[PDB]
Amino acid sequence: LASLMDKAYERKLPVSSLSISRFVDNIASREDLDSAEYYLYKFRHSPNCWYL
RNA sequence: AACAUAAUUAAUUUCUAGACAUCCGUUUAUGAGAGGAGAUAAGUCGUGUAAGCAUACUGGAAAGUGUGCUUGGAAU
Ligand SMILES: [Mg+2]
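The residue numbers shown here are sequential, starting from 1 for each chain in the order of its written sequence. They can differ from the numbering used in the entry, and residues that have no coordinates are not displayed. For naming, the first written chain is A and the first written ligand is 1, with later ones following in the order written. Any value reported refers to the chains on display, which are one part of a larger assembly. Each side-chain value is derived from all of the structure's non-hydrogen atoms; neither hydrogens nor water enter the calculation.

Enquirer: Explain the pattern of salt bridges to me, please; I cannot follow it from the model alone.
Expert: Side-chain pairs of opposite charge can arise whenever the charged atoms involved come near each other. A pair is scored as a salt bridge if a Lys or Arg side-chain nitrogen falls within 4 Å of a carboxyl oxygen belonging to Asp or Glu. Enumeration over the complete set of coordinates arrives at one salt bridge. With a shortest N-O distance of 2.6 Å, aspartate 34 and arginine 30 are connected by a salt bridge. Placement of the pair is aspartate 34 and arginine 30 together in helix 3 (residues 30-44), with a separation of four residues, close to one helical turn. Here a strand is any run of E in DSSP of at least two residues, a helix any run of H or I of at least four, and the numbering for each starts at the N terminus.

Enquirer: Help me understand the environment of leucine 13, please; the structure alone is not making it clear to me.
Expert: Position of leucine 13 among the secondary structure elements: in the loop between helix 1 (2-10) and helix 2 (17-25). Here the term buried applies to any residue with accessible area under 20% of the maximum for its type, exposed to any over 50%, and partly exposed to those in between, with areas from a 1.4 Å probe on protein chains only. Given a relative accessible area of 38%, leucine 13 falls into the partly exposed group. Remark: the alpha-carbon pair of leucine 13 and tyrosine 38, spanning 25 residues in sequence, is separated by 18 Å.

Enquirer: I would appreciate a short explanation of helix 1 in the present structure.
Expert: Here helix 1 has its buried residues at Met5, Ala8 and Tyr9. Down the axis, helix 1 shows its buried residues gathered within 95 degrees of arc, on one side only. Its buried side turned inward, helix 1 meets helix 2 and helix 3. Among the residues trailing helix 1, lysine 12 stands out with phi positive, at a value near 55 degrees. Within this analysis, the arc is defined by the directions that extend from the helix axis to the C-beta atoms. Any two residues whose heavy atoms approach within 4.5 Å are treated as being in contact.

Enquirer: How do you make sense of a nonpolar patch on the surface when you look at a structure like this?
Expert: On the surface, a cluster of nonpolar side chains totalling about 280 Å² of accessible area is made up of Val24, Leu40 and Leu52. Relative to the elements of secondary structure, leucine 40 occurs in helix 3. What goes into a patch is any residue over 30% in relative accessible area without a salt bridge, connected to like charges within 9 Å or, for nonpolar side chains (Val, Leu, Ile, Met, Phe, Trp, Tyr), within 5 Å. Computed by Shrake-Rupley with a 1.4 Å probe, the accessible areas treat only the displayed protein chains as cover when residues are assessed.

Enquirer: Sorry, what's going on with the packing of helix 1 against helix 3 here?
Expert: Each packed pair of helices is defined by two parameters, the angle between the axes and the distance between the axes. Where helices are involved, their axes are fitted lines through C-alpha atoms of the stretch in contact, as for all axes, and angles between N-to-C directions lie from 0 to 180°. For the pair helix 1 and helix 3, interaxial distance at closest approach is 12 Å and the crossing angle is 35 degrees. As for how helix 1 packs across helix 3, the hand of that crossing is left-handed. In this structure, helix 1 contributes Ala2, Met5, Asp6 and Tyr9 to the contact, and helix 3 contributes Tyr38, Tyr39, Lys42 and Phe43. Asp, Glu, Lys and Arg are counted as charged, while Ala, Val, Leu, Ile, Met, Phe, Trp, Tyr, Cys and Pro are counted as nonpolar; the rest, among them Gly, fall into the polar class. Of the residues belonging to the contact of helix 1 with helix 3, the class tally is six nonpolar, no polar and two charged. In this scheme, a crossing is called left-handed if the near helix is turned counterclockwise away from the far one by less than a right angle; it is called right-handed if the turn is clockwise.

Pasting the structure below:
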């Protein structure tokens with residue numbers, strides 16, 4: 001899932017709310033939270049920030 | 001070459017990139033060389049076979065001669 005979101009931001013393409021939702025849902029470790037925090041930041045600064 | 005992302009406010013991206021690199025041809029002029037027509041004006045030796053037109057030959061090249069035509073000659 002990380003790869004999909006990274007490609008979208010590289011191409012300046014919108015990311016789905018379901019995509020970020022799946023990431024937070026599948027957090028399995030303390031380290032995973034740190035990565036999810038970065039992607040929540042990226043989602044906020046994206047075209048579909050309102051749809052969180 | 002022109003897709004796709006997204007979508008419980010709605011928007012984003014796309015909305016291309018190659019290829020003119022340059023002609024064939026075209027006009028103006030520099031102009032070796034060779035004439036033509038003028039300007040300045042004294043030379044040159046010539047100059048009565050009616051004249052002219054067209055044409056041919058011969059004239060160091062005004063002319064002469066042939067052939068037809070014309071009177072813009074003469075002719076009781
Ligand atoms: Mg003659």
